[PDB]
Amino acid sequence: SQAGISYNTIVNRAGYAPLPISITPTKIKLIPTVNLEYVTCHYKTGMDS
Amino acid sequence: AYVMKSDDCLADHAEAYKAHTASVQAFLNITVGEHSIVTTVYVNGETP
Amino acid sequence: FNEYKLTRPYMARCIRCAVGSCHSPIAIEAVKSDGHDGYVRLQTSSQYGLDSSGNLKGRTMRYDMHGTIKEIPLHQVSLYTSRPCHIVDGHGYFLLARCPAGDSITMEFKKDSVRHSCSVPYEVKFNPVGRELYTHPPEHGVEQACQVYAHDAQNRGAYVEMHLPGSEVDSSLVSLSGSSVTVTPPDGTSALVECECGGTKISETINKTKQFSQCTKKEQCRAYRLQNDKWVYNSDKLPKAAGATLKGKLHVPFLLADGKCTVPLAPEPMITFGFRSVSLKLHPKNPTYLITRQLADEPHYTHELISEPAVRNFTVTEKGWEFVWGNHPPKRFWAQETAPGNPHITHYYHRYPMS
Amino acid sequence: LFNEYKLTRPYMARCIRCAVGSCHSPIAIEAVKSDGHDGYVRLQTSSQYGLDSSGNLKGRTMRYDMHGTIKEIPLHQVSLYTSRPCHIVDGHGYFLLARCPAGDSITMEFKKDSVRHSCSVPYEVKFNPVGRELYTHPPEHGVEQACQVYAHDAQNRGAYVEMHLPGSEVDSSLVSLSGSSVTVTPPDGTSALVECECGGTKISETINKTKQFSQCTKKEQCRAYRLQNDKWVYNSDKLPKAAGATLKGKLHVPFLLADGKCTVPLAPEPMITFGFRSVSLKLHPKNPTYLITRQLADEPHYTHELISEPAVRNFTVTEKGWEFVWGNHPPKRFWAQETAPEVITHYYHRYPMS
Amino acid sequence: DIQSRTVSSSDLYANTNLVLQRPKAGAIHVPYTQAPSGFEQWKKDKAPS
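Residues numbered from 1 in each chain as written, not as in the entry; some residues may be left out. Chains lettered and ligands numbered in written order. Part of a larger assembly, values for the part shown. Heavy atoms only, no water.

Chemist: Lay out the overall build of chain B in plain terms, naming residues and giving numbers.
Modeler: When helices and strands are tallied, chain B shows zero helices and three strands. For chain B, the sequential pattern of α-helices and β-strands runs β-β-β. With the principal axes as the frame, chain B shows a C-alpha extent of 75 × 20 × 10 Å. Looking at chain B residue by residue over its 48 residues, the buried ones come to 19%. (Helix = DSSP H or I, 4+ residues; strand = E, 2+ residues; numbered from the N terminus. Buried < 20%, exposed > 50% of the residue type's maximum accessible area, 1.4 Å probe, protein only.)

Structure representation (structure tokens):
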């Protein structure tokens, strides 16, 4: 799991030739599943008259 | 006296989150016999 | 757009009025400096954008002076915290200024040989944008996301409430003529004068000038002028009526919205190398955060505030390193082996130590 | 008489904070300097000081360009501040001397009967006091020390700022739809360059004419330029340059950092107390004052301590020496002669290790 | 940061880590980010002579 490091490897059957395979991961994500509980922001004191 | 939420809370609010069960997701540039392709793939077991 | 043309200003208590405390017409009730680049949202007893009759004038201010909505421009109003501010715009009860930082916001203007003033204690706080803790923003730099009190005065969602006003006491409506009391309501604005001492009086002097016997002094009967036509805000500095005061809803302008703000960028650091080591000579202009980590399980987050020329000899490994100096991007470094020796001893004790 | 800035003009330029936002101000501050001592500052402006709108000499007026035209303000109406207000001393050429205090910015401002032209800049103003006593405002009295301050003298002293040919200023008040097409209405007497495409990259060089550039239909596709060329400008980064060799003349920078005898405060006299090979000092400071002590032997063992509160300090004083410098006073210098108090205590004090 | 062989000279050596930067959209200005002056810094950081 590393970006930029162009992995390379070869499939090697017997009667057929080697097939190269070149794999470069550009962006590896990790997306959690998220559940919202609450939002909190500044307060305002409401003084009725 | 009471307490109410600020007028700027549409745009200055902190969201609280419970996180779990991440789904790693990888963008790959894959060349197989001069047949290059570019693909988002999931690293679940069976998501080909 | 300004649909609250039916909301009138009030006189409200202020601690300072250039001579002690008073009942200023430019009183302050809220000062919001939760935004970034010095801008501030104030909430006055005065209104902005209307004239004394209620028509849509421009950059003027309107205020009650004991009964009467007067009218000044805004180039005669001056508000300052520690240094002078710069009033950006106004709308209704709410004024958008571009203030510097201080403990106390003052707001004063001039009449014929009378400075009106209100100076209230509220921390007005310059909140910089980014890792470059500055005080006054620069001619140049890099753009970053910022929350600012924007010039947009539309109904961007938030509302405040306008109530029915409170019976305003006025000792000018009454006089002694000659030995018995006499009240004068101004222009058909009625009065609710209540009297005391043996014959407690109700009153509705609708359009007249009613004399009262059973009284000899002026402090014995208090006159209460009833407007009940123009609505007002839920001020802690005004009394309320009895039945049900909530009549309508205002919209607050100059809400904290998003955009971009030009933040500075630090001078380019000087980077000397060494075996498993990075030496950094740092020469800032304004105070700057240094945020550094490694790139393994033990990242060793180091977080420093530099306000003076610094030299930092950091340890660096083959597992990575990351360096953030101001609003620059992250510059990643990795290490490789030039240990002092030739295996072909002083080698193999630096490289692969503990042996 | 020395004003050969006459062959210059006042220019407009940008600054961040103009009382309404970012603008194109006439009173921009290109440079600020506070490398002197007693708070005097030198400011490099986008406005001249000491001339009229017609180039004839005049004492305490500033000229400035509003949207193409030069104006005048008397200098008694042009304010500026850093943290608390400044006090303009003098002005000459682009440059303006002031007597400002320490702060994080400079805001300079004026009015013309309905407007409020301000310009604020985050250039640091330093108050670099003279001597070993640290004042933020000078005293009514003290002593005199050599200093360097920004002079009131507007002479030519071998220091020269540059002067160039102003690039073509742009204007859109000239392009006007009269009618059903475009027509540049140039200013009376002065030419204008016009570089409007609208189909095919049309360009003309109107000497003095109100020409009807057709095939345009919009004034956003047309954009016009102005050619003054009669007077010259400073090499401002907030103004574009011309094409050719535009480098002529040297303007003398006035109000330089020159020498003088300024007035440093004088600390109170310390209450000295003597003792065997020892000097105690009880010190009473007004402002922060540097204590500077050494010994007159091979190992001076130097101390540099900024005393700001009432302190007491018990030094040592050998037979070789001890020095004492306290604020802006003269150096004192002390030596110790042998008065050691059965009889082994005398020899255990006098010549110890015995 | 500045070195001139003498005072009335014409040859100056300047290494101030000078790096230009882009102008903001809708502005004519030549910005930069340079090393601060080491002369003022020497003055702010000196021992007595």
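Chemist: Can you lay out the overall build of chain D for me, pointing to particular residues and giving the numbers?
Modeler: Scanning chain D from N- to C-terminus turns up one helix and 26 strands. For chain D, whose C-alpha radius of gyration is 32 Å, the value lies well above the compact-globule estimate of 20 Å for 354 residues. C-alpha extents for chain D along the principal axes are approximately 120 × 40 × 40 Å. Counting the 354 residues in chain D, one finds 43% classified as buried. Summed over all atoms, the accessible surface of chain D reaches about 19,300 Å², with 52% contributed by carbon and sulfur. Side chains of chain D give 40 positive and 36 negative charges; the mean places of these two sets differ by 5 Å. (Rg over C-alpha atoms; globule rule 2.2 N^0.38 Å. Areas by Shrake-Rupley, 256 points an atom, 1.4 Å probe, with all protein chains shown as cover. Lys, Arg positive; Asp, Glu negative; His and termini not counted. Charge placed at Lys NZ, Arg CZ, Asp CG, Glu CD.)

Chemist: Account for the interface of chain A and chain B, with residues named and values stated.
Modeler: Taken together, the 28 residues of chain A in the interface contact 29 residues of chain B. Across the chain A to chain B interface the summed buried area is about 2,600 Å²; carbon plus sulfur atoms make up 62%. Ionic pairing is found between B:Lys18 and A:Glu37, a salt bridge with its closest N-O pair at 3.7 Å. Summed over the shared surface of chain A and chain B, the number is 15 residue pairs in polar contact. Looking at the side of chain A that touches chain B, the elements that each hand over two or more residues are β2 (19-40) and β3 (43-46) of chain A. (Contact = heavy atoms within 4.5 Å. Buried area = accessible area lost by both parts, 1.4 Å probe. Salt bridge = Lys/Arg side-chain N within 4 Å of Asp/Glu carboxyl O. Polar contact = N/O pair within 3.5 Å; in protein donor to acceptor, adjacent residues only side chain to side chain.)

Chemist: So what's going on with the side chain of C:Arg225? Residues and values would help.
Modeler: The topology assignment puts C:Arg225 in strand β15 (residues 224-225). When near neighbours in sequence (up to four residues on either side) are disregarded, C:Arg225 contacts C:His66, C:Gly67, C:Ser167, C:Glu168, C:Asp170, C:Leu173, C:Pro186, C:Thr189, C:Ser190 and C:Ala191.

Chemist: Can you lay out the pattern of salt bridges for me, pointing to particular residues and giving the numbers?
Modeler: Across all of its chains, the model carries 21 salt bridges over all chains by this definition. In this structure, D:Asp171 and D:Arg226 form a salt bridge, with 3.6 Å as the shortest nitrogen-oxygen distance. Here D:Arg226 lies in strand β17 (residues 224-226) and D:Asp171 lies in strand β13 (residues 169-171), a separation of 55 residues in the sequence. Exposure class is identical for D:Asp171 and D:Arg226. Each is buried. The salt bridge involving D:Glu305 is made with D:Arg313; its shortest N-O contact spans 2.5 Å. The exposure class of D:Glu305 is partly exposed, given its relative accessible area of 28%. Because the salt bridges share partners, they merge into one network encompassing B:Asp7, B:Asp8 and C:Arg41.

Chemist: Kindly report on the sheet that holds strand β20 (residues 277-282) of chain C, identifying the contributing residues and their values.
Modeler: All names here are of chain C. What the three strands build is an open sheet, ordered β19-β20-β23; its pairing is antiparallel. Looking along the sheet, the strands with just one partner apiece sit at the ends: β19 (270-274) and β23 (310-315). Taken over all neighbouring pairs, the strand axes of this sheet differ in orientation by 20 degrees on average, direction set aside. (Pairing = 2+ DSSP bridges. Axes fitted to C-alpha atoms, helices over the stretch in contact; angles between N-to-C directions.)

Chemist: So what's going on with the interface of chain C and chain B? Residues and values would help.
Modeler: In this assembly, twelve residues from chain C lie in contact with five residues from chain B. Interface area lost by chain C to chain B is led by C:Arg41, C:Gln147 and C:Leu256, which between them contribute 42%. Here chain C and chain B share four residue pairs in polar contact between them. Of all the secondary-structure elements, those providing two or more residues to the side of chain C that touches chain B are β9 (142-149) and β18 (256-263) of chain C. Split into classes, the residues belonging to the side of chain C that touches chain B amount to six nonpolar, two polar and four charged. (Nonpolar A, V, L, I, M, F, W, Y, C, P; charged D, E, K, R; others polar.)

Chemist: Help me get a handle on the state of the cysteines, residues and values and all.
Modeler: Tallied over the full model, the rule gives ten disulfides over all chains. With its sulfur 2.0 Å from that of its partner, D:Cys15 forms a disulfide with D:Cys119. Separated by 104 residues along the polypeptide, D:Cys15 in strand β1 (residues 13-15) and D:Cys119 in strand β10 (residues 117-121) bring together distant segments of the chain. Taken individually, D:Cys15 and D:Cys119 each receive the classification buried, so the pair is uniform in this respect. Shown here for chain D is a disulfide pattern of 1-6, 2-3, 4-5, 7-8, where each number marks a bonded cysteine counted in sequence order. Between C:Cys197, a free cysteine, and C:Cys215, which holds the nearest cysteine sulfur, the sulfur-to-sulfur gap is 4.5 Å. Considering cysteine sulfurs only, D:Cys222 is the nearest to D:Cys196, which forms no disulfide, with 3.5 Å between them. When its relative accessible area of 5% is taken as the criterion, D:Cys196 is described as buried. (Disulfide = S-S within 2.5 Å.)

Chemist: Kindly report on the arrangement of the chains, identifying the contributing residues and their values.
Modeler: Inter-chain contacts occur across six pairs of chains; the most extensive set of contacts lies between chains A and B. There is a clear gap between chain B and chain D: no contact, and 22 Å between their nearest C-alpha atoms. Chain A makes no contact with chain E; the smallest distance between any of their C-alpha atoms is 29 Å.

Chemist: Explain the packing of aromatic side chains to me, and be specific about the residues and the numbers.
Modeler: For the structure on display, the rule yields 18 aromatic pairs over all chains. Measuring from centroid to centroid gives 5.3 Å for C:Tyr63 and C:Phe109, while their planes differ by 55 degrees, and the two rings are tilted. Remark: C:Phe109 occurs in strand β7 (residues 102-111) and C:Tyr63 occurs in strand β3 (residues 60-64); sequence separation between them is 46 residues. The pair formed by C:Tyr63 and C:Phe109 is uniform in burial state, with each residue classed as buried. A centroid spacing of 6.1 Å and a plane angle of 40 degrees characterise the contact between D:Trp322 and D:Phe334, whose relative ring orientation is tilted. Linking D:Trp322 in strand β25 (residues 322-326) with D:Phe334 in strand β26 (residues 332-334), this pair joins segments that are twelve residues apart in sequence. Grouping residues by exposure puts D:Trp322 and D:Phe334 together as buried. Over the ring of D:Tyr150 we find D:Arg42, and its NZ or CZ is 5.6 Å from the ring centre. (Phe/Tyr/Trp six-rings, centres within 6.5 Å; stacked < 30°, edge-to-face > 60°. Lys NZ or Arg CZ within 6 Å of the ring centre and 35° of its normal.)

Chemist: Can you lay out unusual backbone geometry for me, pointing to particular residues and giving the numbers?
Modeler: All names here are of chain C. Of note, the bond from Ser 177 into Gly 178 is cis; its omega dihedral lies within 30 degrees of zero at -10 degrees. Structurally, the position occupied by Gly 178 is in the loop between β12 (174-176) and β13 (181-183). Here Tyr 348, not a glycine, exhibits a phi torsion of approximately 70 degrees, which is positive. The phi dihedral of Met 354 falls on the positive side, at around 60 degrees, and the residue is not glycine. You can call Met 354 exposed: its relative accessible area is 78%.

Chemist: Give me the environment of D:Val161: which residues, what numbers.
Modeler: All names here are of chain D. Along the chain, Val 161 falls in strand β12 (residues 160-162). Taking the C-alpha atoms as reference points, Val 161 and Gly 249, 88 residues apart in sequence, are found 8.8 Å from one another. With residues near it in sequence (within four places) discarded, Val 161 still touches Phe 95, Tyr 234, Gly 249, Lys 250, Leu 251 and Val 253.

Chemist: Run through the pairing of strand β1 (residues 28-32) of chain C, naming residues and quoting values.
Modeler: Residues and elements named next belong to chain C. Of all five residues making up β1, five are buried, and the element is well covered by its neighbours. Bridge analysis of β1 against strand β2 (residues 39-48) gives four bridges, and the strand direction is antiparallel. Residue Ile 28 lies in a different strand from β2, and its bridge partner there is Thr 44. Hairpin connection from β1 to β2: six residues lie between these consecutive antiparallel strands, with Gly 38 at a positive phi of about 75 degrees.

Chemist: Provide a residue-level description of the environment of B:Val32, including the pertinent values.
Modeler: Residues and elements named next belong to chain B. With respect to the helices and strands, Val 32 occurs in the loop between β2 (14-31) and β3 (37-42). In this structure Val 32 comes out as partly exposed when scored by relative accessible area, which is 28%. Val 32 sits 26 residues away from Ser 6 along the chain, and the two C-alpha atoms are 57 Å apart.

Chemist: A description of a nonpolar patch on the surface should follow, citing residues and the corresponding values.
Modeler: Taken together, the side chains of A:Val34, A:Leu36, A:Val39 and B:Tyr17 define a hydrophobic patch exposed on the protein surface, amounting to about 370 Å² of accessible area. In terms of residues, the nonpolar patch owes the most to one element, β2(A), which gives three residues. Inspection of the secondary structure assignment puts A:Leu36 in strand β2. (Patch = residues over 30% accessible without salt bridge, like charges linked within 9 Å, V, L, I, M, F, W, Y side chains within 5 Å.)

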